[PDB]
């Protein structure tokens, strides 16, 4: 109806309704009164000029009042007047800067000096946890933010519908020289190119893909070719195994694996004109492959194998052990007198596992 200080008759939406005392103050009397309080009075004098309802000699309501009054003070005062309000509040009330919170839902900023761990945004009126800033719900009560954050990501239907594709995407590819983490699946292609440092490496074992005449490995027979050297438990080799034999290594060590979902939805980064377009794998998803394609299901099996440091050499036949001996020990094996095939096999196996460790830079877990 009219301003409670000067009587000027304005509509209700043309004045400032003080959220505490419910008084309608004209924009001019509001501004002039509060600044002169900053100018020559004290901060306990920041009460409504008409009424006086905020008791400033009372440490009960002092902080929640300035929290709400700060909003209207920001919109009505000048920049220098608003700065003295924070300086005097810091130097006379809090002995520190006020806790300013940004509502993640509507982008509003406000002072929050209450003891509760949940805060109500004065603008959108939604409540959120002060630490993790996610939307507050009853499930968060008595639970750490991580527990709560993991609980929502775990039961969001869109996340669960992706299936094992998320596990493949989440296990990142870290460039061994520039340390950039790409967080992509591998599929069937091991030769990785890093955009930042141009390093070429194997995404399964992080060994270098050497250019022509650059490989320094002794007894390398493809020095004039682009190539890398891989440990025996690198996906580069284990991708050639059938899913059945990969599962047998997991079963021999009591490691569980999915074969049904918990084309292929695994996201790949295809290069388009100026940019990368995330195009899904989309290849056939056979039964027993947990909703993935074959290459992505084998990658999933191998990362389980690598995470548990399972040794594929435990399943090698004699000819496999002989290949492994020449590849990694650089000696052609040969049976000795009195040895039957199992004894020969047991000897080659013991020497290989003692001298050649599993992938030393393979990402495990």
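Residue numbers count along the first chain shown, from 1. Between two forms, the rigid core is defined as the largest C-alpha subset superposing within 1.5 Å.
A fit on the rigid core, followed by a root mean square over CA positions in 4 other deposited structures of this protein, ranks 101-109 against 181-189 and picks 181-189 as the more shifted one. In terms of root mean square C-alpha deviation after superposing on the rigid core in 4 other deposited structures of this protein, the stretch standing farther out between 305-313 and 62-70 is 62-70.
Notably, residue 323 is never a gap: all other compared entries of this protein, restricted to those modelling both its neighbours, have coordinates for it, so the one-third criterion is not met. Across the other compared structures of the same protein with both neighbouring residues present, residue 57 lacks coordinates in at least a third. Per the record, residue 262 and residue 263 are separated by 4 to 9 deposited residues that have no coordinates. The PDB entry reports B-factors from which the mean C-alpha value can be compared for 226-234 and 168-176; the larger average falls on 168-176. Remark: stretch with higher mean C-alpha B factor among 156-164 and 104-112 is 156-164. Based on the entry's C-alpha B-factors, the most elevated value among 318, 56, 324, 315 belongs to 56.
The residue among 203, 242, 274, 258 whose C-alpha atom has the highest B-factor in the PDB entry is 274. When the modelled residues of the chain are ordered by C-alpha B-factor, residue 39 sits in the highest third. Residue 5: CA B factor in the middle third of modelled residues in this chain (values from the PDB entry). When the CA B factors of the chain's modelled residues are split into thirds, the value for residue 60 lands in the highest one. In the deposited entry, the Cα temperature factor of residue 97 sits in the bottom third of values across the chain's modelled residues. Residue-level temperature factors show residue 334 in the middle third of its chain, judged at the C-alpha atom.
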